[PDB]
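This is what each chain is made of:
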Amino acid sequence: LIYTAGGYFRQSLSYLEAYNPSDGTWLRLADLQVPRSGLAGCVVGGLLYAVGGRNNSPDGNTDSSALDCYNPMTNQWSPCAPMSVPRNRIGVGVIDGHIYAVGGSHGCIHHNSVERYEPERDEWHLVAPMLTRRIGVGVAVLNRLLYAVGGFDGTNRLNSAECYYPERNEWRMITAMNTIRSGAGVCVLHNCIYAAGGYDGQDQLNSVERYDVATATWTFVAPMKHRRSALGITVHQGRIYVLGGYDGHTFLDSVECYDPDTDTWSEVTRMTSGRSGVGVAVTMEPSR
């Protein structure tokens, strides 16, 4: 199933919903303990992790350092050890069963710091910071190297990308994207890194480009039907899925699916309600 967690439709949300690309159904699962937008989702050992974000509520506005773990076999959330700092509009990637939390913001503070979570010790540890402060950063993992793509440094939006080598604990700049993107959806399909949508400081984007490591090159592919920033993204059964986002006017509920063999995007479903800044990941379907 495609799990979407949190989000923001004029207030941060607690929804955890799971989409069945065969059924077309949306399953309503256990609410997040805290409403959160600008968070990220990932999966380790079948468990779904919600990382970072921000609680925008009628009575408060707090960025979040929290890490929480959802088990599809209990339909229960359970808290994990928190990150060293709150990270709204965070990026996350998974390498060797460890969760890397990248960038994000805490109030006026725009992080270049990165930290690593070990599920089997429930421990976070700081690693080398990025070359760039990046909020709304897209993160992907390819050949066990960690890519941070685009974002917003507090003053300028970025098309630059950099790559973290875990065993040498350093970041190196790579080829920059064709397009400046903050709040893009970034994932790793087959053996390429896709960056879709986002915001360049003037327009929400529908363009999609993919990075090939063998050629160290970014190449445009078919654009999405709808421009969107702060979209959710994941990969299911060889196809890219993008969920919601913001198009300058509306919080979208459209879900589009990219088939790399036809280079075609397709609107496949709508979420139960429009929202941006979700955390998306794919894991075992909930029992009973």
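Residues numbered from 1 in each chain as written, not as in the entry; some residues may be left out. Heavy atoms only, no water.

Under the PDB entry, the name given to the protein is Kelch-like ECH-associated protein 1, and the source organism is Homo sapiens. The title line of the PDB record says "Kelch domain of human KEAP1 bound to Nrf2 cyclic peptide, c[GDEEAGE]".

Another point: the pairing of strand β20 (residues 185-189). With respect to burial, β20 is a largely interior element, 4 of its 5 residues being buried. Examined bridge by bridge, β20 and strand β21 (residues 192-196) share 5 bridges and lie antiparallel to one another. Across the sheet, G185 pairs through a bridge with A196, a residue of β21. Taking the residues between adjacent antiparallel strands as the criterion, β20 and β21 are bridged by 2 residues, where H190 takes a positive phi near 50°. (Buried < 20%, exposed > 50% of the residue type's maximum accessible area, 1.4 Å probe, protein only. Helix = DSSP H or I, 4+ residues; strand = E, 2+ residues; numbered from the N terminus. Pairing = 2+ DSSP bridges.)

In this section: the sheet that holds strand β3 (residues 26-28). Within the open sheet, the 4 strands sit side by side as β3-β2-β1-β28. Their pairing is antiparallel. At either end of the open sheet lies a strand with only one pairing partner, and these are β3 and β28 (279-282). The sheet shows a mean angle of 25° between the axes of neighbouring strands, direction not considered. Note that strand β1 (residues 2-5) and β28 share 4 bridges and pair antiparallel. Among the inter-strand pairings, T4 is bridged to a residue of β28, identified as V280. (Axes fitted to C-alpha atoms, helices over the stretch in contact; angles between N-to-C directions.)

The next subject is the pairing of strand β25 (residues 239-243). With 4 of its 5 residues buried, β25 lies for the most part within the structure. Looking at chain direction, strand β24 (residues 232-236) and β25 are connected through 5 bridges and run antiparallel. Bridge pairing links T234 to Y241 in β25. Hairpin geometry of β24 and β25 is characterised by an intervening segment of 2 residues between the two adjacent antiparallel strands and by a positive phi of about 50° at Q237.

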